[PDB]
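Asker: Quick one: this structure, given as structure tokens, is what I'll be asking you about.
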Amino acid sequence: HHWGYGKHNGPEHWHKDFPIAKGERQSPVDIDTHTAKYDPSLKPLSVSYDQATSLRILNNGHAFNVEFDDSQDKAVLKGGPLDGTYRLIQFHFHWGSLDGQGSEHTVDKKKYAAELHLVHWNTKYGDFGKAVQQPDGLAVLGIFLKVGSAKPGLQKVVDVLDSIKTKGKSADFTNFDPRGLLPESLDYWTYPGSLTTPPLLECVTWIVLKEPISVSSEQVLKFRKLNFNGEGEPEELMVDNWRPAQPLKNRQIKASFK
Ligand SMILES: Nc1ccccc1NC(=O)c1ccc(NCC(=O)NCCc2ccc(S(N)(=O)=O)cc2)cc1
Ligand SMILES: [Zn+2]
């Protein structure tokens with residue numbers, strides 16, 4: 001009876017195994033654009049992905065992860081609200097059963113069709129497992145997806161999904177360039193928060209881009225053909241793998257822009 005996104009094991013249940021679910025810095029949150037404060041001291045984000053080395057794509061039963069070689073400074077996030085150098089380890093998405101829901105963060109209570117999370121860890125902690133134990137261990141770059149025109153740089157991901165339909169399946173996934181998933185603007189909101197799935201550790205500097213990317217209806221339909229189940233288990237479509245907005249509590253969301 002493991003956590004997931006169903007009626008009996010979904011986000012309202014998680015606090016029983018992971019009491020930090022009701023903590024002081026949980027994610028995601030609603031971004032109230034009128035209460036976010038412009039912070040003129042915030043630096044431009046530095047997204048250095050030209051040497052990224054993708055390795056593999058994995059269906060882990062909760063989402064799919066595109067994994068990177070994080071054994072050297074090859075794809076890093078710096079600047080913005082961050083001190084030091086954060087290495088890209090993986091990206092994944094959260095998405096809905098319908099185009100009207102799927103994002104984890106909301107903007108003035110608006111839900112997007114999906115949300116991309118580019119997960120990075122602080123190199124001063126040596127690897128990911130140590131970084132998630134620290135209040136500044138991770139930086140997650142969040143990008144909203146809206147349904148409209150196709151994102152050409154997403155299609156290589158969409159096309160491999162039939163090879164990782166079920167939980168525990170992986171496939172080689174080399175030479176994927178995550179720059180093809182970024183919007184034009186790097187204007188962002190930032191706040192201190194958590195992992196949005198168990199173990200819900202309070203280790204994340206969230207950086208959420210203001211400008212969504214557009215994907216096609218056909219691209220997101222292919223996300224919704226994935227399965228939460230393993231091969232030879234009853235088929236349960238991998239949809240609505242999002243945690244809803246959590247209380248902001250004693251936090252301020254800062255904006256990089258006016
Ligand atoms: N060792 C230790 C000591 C004291 C306190 C905590 C820890 N470690 C842990 O709690 C612990 C660490 C990792 C665990 N599992 C693997 C793991 O990497 N999980 C996190 C992956 C994750 C990555 C990104 C996101 S998201 N949606 O916020 O971008 C969500 C989840 C499970 C438990
Ligand atoms: Zn995520």
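Residue names in the structure tokens use chain letters A, B, ... in the order shown, residue numbers from 1 in each chain, and ligand numbers from 1 in the order shown.
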Neighbours of residue 231 (chain A) within 12 Å (only C-alpha atoms; same-chain residues fewer than 5 positions away dropped), as a PyMOL selection string?
Answerer: chain A and resi 59+61+163-169+226+236
Asker: Write out as an MDAnalysis selection string each polymer residue (protein, DNA or RNA) that has an atom no more than 8 Å from ligand 2, with only C-alpha atoms and all ligand atoms counted.
Answerer: chainID A and resid 91:94 115:117 195:197
Asker: Would you write out those residues with N, CA, C and O atoms, as a short mmCIF file (atom, residue, chain, number, x, y, z; two decimals), in the first residue's frame?
Answerer:
```cif
data_model
loop_
_atom_site.label_atom_id
_atom_site.label_comp_id
_atom_site.auth_asym_id
_atom_site.auth_seq_id
_atom_site.Cartn_x
_atom_site.Cartn_y
_atom_site.Cartn_z
N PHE A 91 15.27 15.42 -15.48
CA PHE A 91 13.99 16.15 -15.58
C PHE A 91 12.87 15.17 -15.71
O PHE A 91 13.01 14.03 -16.16
N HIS A 92 11.69 15.67 -15.35
CA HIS A 92 10.43 14.93 -15.46
C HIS A 92 9.30 15.91 -15.53
O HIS A 92 9.51 17.12 -15.44
N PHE A 93 8.11 15.40 -15.75
CA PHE A 93 6.89 16.21 -15.85
C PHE A 93 5.84 15.66 -14.90
O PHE A 93 5.86 14.52 -14.45
N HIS A 94 4.89 16.55 -14.62
CA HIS A 94 3.58 16.25 -13.99
C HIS A 94 2.49 16.68 -14.95
O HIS A 94 2.67 17.76 -15.56
N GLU A 115 3.61 20.44 -16.06
CA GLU A 115 4.75 21.19 -15.51
C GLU A 115 6.00 20.32 -15.62
O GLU A 115 5.98 19.17 -15.20
N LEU A 116 7.04 20.90 -16.21
CA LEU A 116 8.38 20.33 -16.33
C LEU A 116 9.22 20.76 -15.12
O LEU A 116 9.30 21.95 -14.79
N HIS A 117 9.88 19.79 -14.52
CA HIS A 117 10.81 19.98 -13.41
C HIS A 117 12.20 19.52 -13.85
O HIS A 117 12.42 18.33 -14.08
N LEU A 195 10.48 18.86 -2.07
CA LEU A 195 10.08 17.89 -3.10
C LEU A 195 8.56 17.82 -3.11
O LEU A 195 7.92 17.94 -2.04
N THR A 196 7.96 17.62 -4.27
CA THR A 196 6.48 17.57 -4.37
C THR A 196 6.01 16.13 -4.30
O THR A 196 4.79 15.96 -4.44
N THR A 197 6.89 15.15 -4.18
CA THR A 197 6.47 13.74 -3.92
C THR A 197 7.20 13.30 -2.68
O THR A 197 8.23 13.87 -2.30
#
```
Asker: Could you pull out the residues sitting within 9 Å of ligand 1, using only C-alpha atoms and all ligand atoms, and write them as a VMD selection string?
Answerer: chain A and resid 27 to 28 90 to 94 104 116 to 120 128 to 130 132 to 134 138 to 142 193 to 201 204 206 242 to 243
Asker: Pick from A:89, A:47, A:171, A:113: nearest to residue 77 (chain A), with only C-alpha atoms counted?
Answerer: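 Using only C-alpha atoms, the shortest distance to residue 77 (chain A) belongs to A:47.
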Asker: Just give me the gap between CA of residue 247 (chain A) and CA of residue 186 (chain A) in Å, one decimal is fine.
Answerer: 25.8 Å
Asker: Considering only C-alpha atoms, state which residue in the set A:258, A:240, A:20, A:72 is at the smallest distance from residue 100 (chain A).
Answerer: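 Closest residue, counting only C-alpha atoms: A:240.
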